[PDB]
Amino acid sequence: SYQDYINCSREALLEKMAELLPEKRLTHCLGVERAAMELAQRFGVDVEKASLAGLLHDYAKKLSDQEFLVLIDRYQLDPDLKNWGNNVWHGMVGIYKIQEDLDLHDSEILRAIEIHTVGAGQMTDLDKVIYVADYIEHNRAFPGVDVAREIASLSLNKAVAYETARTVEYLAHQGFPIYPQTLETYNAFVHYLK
């Protein structure tokens, strides 16, 4: 059960998250919970760790900028983080808020949430499951989500590669700064597209 890892039941967690997140975001989290379970079944990842991490991945999505900056200082995180924003922070810094609120200390779950946006050059299968589940959950409808879904039915590594390539492409298309850890993921995984 979820209380093996956190300080309340799944039902109680959902009630708390319903106060912190808008409806669309909570529905997304429920979508990622389900998608993570299915991917974990497929690729030999603990289904419970994957479901919980999937549900929690966007827990800190709505923390204010000031709250993140306070967390960066309190936990003495990389000071370069202050140069970025919510996209980077909600996972990479938000894990500390999740830890404070829910008493979450499992290192594997924490890491999977931490890098769910930007990935890393080295990812555990659990990391990969969350990173992919986020992109392919059933509420997502962006063009090419069908391709990502097909890829994820066959290869976890190729799905990471595909998602990361599309994200780099889209950020450059839009003219948004690209957090360097994303490129580390991109270069580590791009060979799987062949």
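Note that residue numbering begins at 1 and tracks the sequence as displayed.
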{"query": "Of 10-18 and 174-182, the stretch whose C-alpha atoms average the higher B-factor in the entry", "finding": "10-18"}
{"query": "Greater mean Cα temperature factor according to the PDB record, 161-169 or 147-155", "finding": "147-155"}
{"query": "Top Cα B factor in the deposited entry, candidates 56, 141, 129, 32", "finding": "141"}
{"query": "Ranked against its chain, the third holding the CA B-factor of residue 65", "finding": "highest"}
{"query": "Chain third (lowest, middle, highest) by recorded CA B-factor, residue given as residue 114", "finding": "lowest"}
{"query": "Among modelled residues of the same chain, the CA temperature factor third for residue 74", "finding": "highest"}
{"query": "Residue 90, C-alpha B-factor rank within chain (lowest, middle or highest third)", "finding": "lowest"}
